[PDB]
Trainee: 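If you scroll down you'll find the structure; I have some questions about it.
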Amino acid sequence: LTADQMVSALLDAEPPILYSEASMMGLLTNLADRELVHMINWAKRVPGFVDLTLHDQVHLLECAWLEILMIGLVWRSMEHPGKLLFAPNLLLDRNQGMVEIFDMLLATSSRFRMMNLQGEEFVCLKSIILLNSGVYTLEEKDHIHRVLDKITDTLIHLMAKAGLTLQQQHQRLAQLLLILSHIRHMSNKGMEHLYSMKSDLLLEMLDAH
Amino acid sequence: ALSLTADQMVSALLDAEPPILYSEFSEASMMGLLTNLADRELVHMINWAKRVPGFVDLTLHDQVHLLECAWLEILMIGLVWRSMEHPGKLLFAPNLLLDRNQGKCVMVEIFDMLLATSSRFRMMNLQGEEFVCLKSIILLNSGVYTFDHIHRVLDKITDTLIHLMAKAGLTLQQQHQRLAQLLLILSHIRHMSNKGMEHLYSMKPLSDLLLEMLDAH
Amino acid sequence: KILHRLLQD
Amino acid sequence: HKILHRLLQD
Ligand SMILES: CC[C@@H](c1ccc(O)cc1)C(c1ccc(O)cc1)c1ccc(O)cc1
Ligand SMILES: CC[C@@H](c1ccc(O)cc1)C(c1ccc(O)cc1)c1ccc(O)cc1
């Protein structure tokens, strides 16, 4: 696939933004549980994912599901400063917060806003998270790394078409990927509280960690 | 710091490198050696951090925050680096080299992840000049989103990394591809640190310094 | 468990 | 206070 084709494939594969119906945690779990179903079908449409073995596809999803949920949350909350848009009907401020996770997500959202993160870049990062989060845990790894290299070329391709010099391209690429480290951090800490205070699908997701 | 060239940036980092320390078994002794080793390494890490270009520019409050958030990451990437030329084994110290089987004393999940990272560094043929760059990035990045200057220094190290890759004869495609591959590994290092930290707070005689690092988390 | 069912079809 | 605040300026 070309760089243009990579983006078009990812953009059209985007999951919908779902709505929501101890008080707060009931809603979020219900929301995440419905989102997980869409994430799975989204994962299949991510170029190169279904080429992997069924065993590997689940390991990747089991390790990255919360990261993918969180970066999605951070993304839709971009143009809503100081608040987290869990759903179009569920916009929460910091005060309504576990608040340590909220502050990190807000920081990431404000980080995306400062960087003017484009949707085309977002679907790349999200797909990168899916393929990367479980890869370090042989011919299949060569493939995953080949797809990752393809997504890297795609990211660079996007930045070059936006009039960025090759220095700014290389800087922005780094800036985007360094954020994935924070997203991993937020996920592990989120996972750490999720396992503390404990639907069907999400149980296999939580027990994986 | 931002005034430094790429060659000068590398030279500063290479020269600021901490030494490879030595150490003085069961689940009690083994955690004892590592704790003793890590506590001595931390003292050198603090002095290394001070010598990291752009680090002393930060507030003394921020310097503490970055080190408190990244200390285990920095310890781990160092370990991974020293274990690079020792496949299937972890070189904690020249006199302390452990296999995966000797990891199940206490920690076996952490060992395989680190081994995976080490073989990943070797398969990528990670250069020392690249290593000192990644390590400094970990220091400046891991706590920056949990507080403007830092992002500029980070950009400087990015320029520095590319410079190494460009001077090694890699095409502009392989440069940004290799750049991406290196930074994605930092996601796993962060993961290992988080998994390690919850395990450290589970078991915790730690020193004052190593204890104060843990409550930060 | 569940996951290898949903992704299989 | 914290140990770390001494090592970093001394
Ligand atoms: C940020 C809130 C996040 C969360 C995670 C872990 C925590 O400990 C607290 C909060 C939450 C969520 C994130 C993204 C998204 O699209 C929907 C919901 C969530 C996920 C799973 C779950 O079983 C319950 C809640
Ligand atoms: C990989 C072993 C790592 C570890 C961390 C947490 C675990 O639960 C088990 C193992 C270990 C270490 C890493 C790097 C290094 O240079 C020296 C030592 C360590 C650090 C601090 C500490 O109080 C005890 C042990």
Side-chain angles (χ1 to χ4, degrees), chain A residues 15 17-18 20 25-36 38-39 65-77 84-87 90 92 97 99 101 103-106 108 186-194 201-202 205-206, chain B residues 18 20-21 23 30-42 44-45 71-83 90-93 96 98 103 105 109-111 113-115 117 192-200 202-203 205-207 209-211 213-214:
Chain A
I17 300 183
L18 304 184
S20 62
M25 286 301 301
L27 302 178
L28 303 185
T29 296
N30 181 264
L31 178 64
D33 186 77
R34 279 180 291 125
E35 276 181 295
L36 276 171
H38 289 273
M39 180 191 303
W65 69 269
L66 190 49
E67 283 185 276
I68 295 171
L69 279 185
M70 281 184 173
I71 193 177
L73 171 67
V74 171
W75 166 249
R76 54 181 180 271
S77 310
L84 290 177
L85 191 129
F86 293 94
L90 188 55
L92 286 180
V99 316
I101 303 177
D103 280 318
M104 289 189 294
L105 297 156
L106 284 171
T108 311
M186 293 187 295
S187 171
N188 289 139
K189 288 309 189 90
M191 206 81 63
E192 192 185 36
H193 182 5
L194 276 197
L201 181 53
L202 191 53
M205 295 303 199
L206 268 55
Chain B
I20 302 183
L21 303 183
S23 62
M30 164 69 53
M31 284 301 301
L33 301 178
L34 302 185
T35 294
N36 181 264
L37 178 64
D39 187 77
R40 280 180 291 125
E41 276 180 295
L42 277 170
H44 287 272
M45 181 190 303
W71 69 270
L72 189 48
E73 283 184 276
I74 295 170
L75 280 185
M76 281 183 173
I77 192 178
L79 171 67
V80 170
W81 170 249
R82 309 189 298 266
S83 311
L90 290 177
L91 191 128
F92 293 88
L96 190 56
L98 280 64
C105 295
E109 69 283 1
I110 304 287
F111 263 58
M113 289 189 295
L114 297 156
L115 284 171
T117 310
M192 293 187 295
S193 171
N194 290 336
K195 289 309 185 177
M197 205 81 63
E198 65 184 344
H199 274 130
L200 278 197
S202 176
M203 316 178 122
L206 303 195
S207 60
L209 179 53
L210 192 52
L211 205 54
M213 294 302 199
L214 271 175

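Letters A, B, ... are given to chains in the order of the sequence lines, protein chains preceding strands, and every chain is numbered from 1. Whatever order the structure lists ligands and atoms in, that order sets their numbers, starting from 1.
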Trainee: Taking the side chain as everything from C-beta on, heavy atoms only, tell me whether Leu96(B) gets closer than 4.5 Å to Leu90(B).
Mentor: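 No. Closest side-chain heavy atoms not under 4.5 Å.
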Trainee: Using a strict cut-off of 4.0 Å, indicate which atoms of ligand 1 neighbour a heavy atom of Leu202(A).
Mentor: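 Matching atoms, with element in brackets: 23 (O).
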Trainee: Quick check: do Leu33(B) and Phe92(B) have side-chain heavy atoms less than 4.5 Å from each other?
Mentor: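 Counting from C-beta outward, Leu33(B) and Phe92(B) never come under 4.5 Å.
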Trainee: Please identify which atoms of ligand 1 are closer than 4.0 Å to at least one heavy atom of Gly190(A).
Mentor: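 Counting from 1, the qualifying ligand atoms are 6 (C), 7 (C), 8 (O).
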Trainee: Do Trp75(A) and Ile71(A) come within less than 4.5 Å of each other through their side chains, counting heavy atoms only?
Mentor: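 Counting from C-beta outward, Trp75(A) and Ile71(A) never come under 4.5 Å.
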Trainee: Is ligand 2 under 4.0 Å from a heavy atom in the side chain of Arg40(B), in the backbone, in both, or in neither?
Mentor: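 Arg40(B) to ligand 2: no contact under 4.0 Å from either part.
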Trainee: Check if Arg82(B) has a non-hydrogen atom at a distance under 4.0 Å from any atom of ligand 2.
Mentor: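 Yes, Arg82(B) has heavy atoms under 4.0 Å from ligand 2.
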Trainee: For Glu35(A), counting its heavy atoms only, list the atoms of ligand 1 lying under 4.0 Å from any of them.
Mentor: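 Contacts of ligand 1 toward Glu35(A), numbered from 1: 15 (C), 16 (O), 17 (C).
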Trainee: Check whether any side-chain heavy atom of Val80(B) lies under 4.5 Å from a side-chain heavy atom of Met113(B), and answer yes or no.
Mentor: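 Not in contact.
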Trainee: Check whether any side-chain heavy atom of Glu192(A) lies under 4.5 Å from a side-chain heavy atom of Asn188(A), and answer yes or no.
Mentor: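 Sidechains of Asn188(A) and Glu192(A): no contact.
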Trainee: For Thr35(B), counting its heavy atoms only, list the atoms of ligand 2 lying under 4.0 Å from any of them.
Mentor: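 Answer, ordered by atom number: 23 (O), 24 (C).
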Trainee: Counting only N and O atoms by type, is there a donor-acceptor contact under 3.5 Å from the side chain of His199(B) to the main-chain atoms of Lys195(B)?
Mentor: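 Such a contact is found between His199(B) side chain and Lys195(B) backbone.
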Trainee: Does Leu73(A) reach the side chain of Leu85(A), with side-chain heavy atoms less than 4.5 Å apart?
Mentor: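 The answer is no, as the side chains (C-beta and beyond) never meet within the 4.5 Å cut-off.
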Trainee: Of the backbone atoms (N, CA, C, O) and the side-chain heavy atoms from C-beta on, which set of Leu105(A) has a member under 4.0 Å from an atom of ligand 1: side chain, backbone, both, or neither?
Mentor: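 It is the side chain that gets close, since no backbone atom is under 4.0 Å.
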Trainee: So which of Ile110(B), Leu34(B), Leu79(B) gets nearest to atom 13 (C) of ligand 2, if we judge by its closest heavy atom?
Mentor: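 Among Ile110(B), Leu34(B), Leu79(B), the closest heavy atom to atom 13 (C) of ligand 2 comes from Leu79(B).
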Trainee: Just heavy atoms, cut-off under 4.0 Å: does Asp33(A) contact ligand 1 by side chain, backbone, both, or neither?
Mentor: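 Near ligand 1, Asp33(A) shows nothing, with every heavy atom at 4.0 Å or more.
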Trainee: Where does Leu84(A) meet ligand 1, judged by heavy-atom distances below 4.0 Å: at the side chain, the backbone, both, or neither?
Mentor: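 The answer is neither; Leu84(A) stays 4.0 Å or more away.
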Trainee: Which ligand 1 atoms are under 4.0 Å away from a heavy-atom of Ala32(A)?
Mentor: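 That gives atoms 17 (C), 18 (C), 20 (C), 21 (C) of ligand 1.
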Trainee: Quick one: does ligand 2 sit under 4.0 Å from the side chain of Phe111(B), the backbone, both or neither, non-hydrogen atoms only?
Mentor: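 No part of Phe111(B) is near ligand 2 at this cut-off.
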Trainee: Out of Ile71(A), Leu194(A), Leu36(A), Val99(A), indicate the one that has the non-hydrogen atom closest to atom 7 (C) of ligand 1.
Mentor: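 Comparing heavy atoms across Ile71(A), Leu194(A), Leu36(A), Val99(A), the nearest one to atom 7 (C) of ligand 1 lies in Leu194(A).
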Trainee: Counting each atom of ligand 1 from 1 as listed, which ones have a heavy atom of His193(A) under 4.0 Å away?
Mentor: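 Once the distances to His193(A) are compared, the set is 8 (O).
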Trainee: Any side-chain heavy atom of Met192(B) within less than 4.5 Å of one from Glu73(B)?
Mentor: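 The answer is no; the side chains never approach within 4.5 Å.
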Trainee: Taking the side chain as every heavy atom from C-beta outward, state whether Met70(A) and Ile101(A) have any atom pair closer than 4.5 Å.
Mentor: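 Side chain of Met70(A) against side chain of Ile101(A), heavy atoms only: contact under 4.5 Å found.
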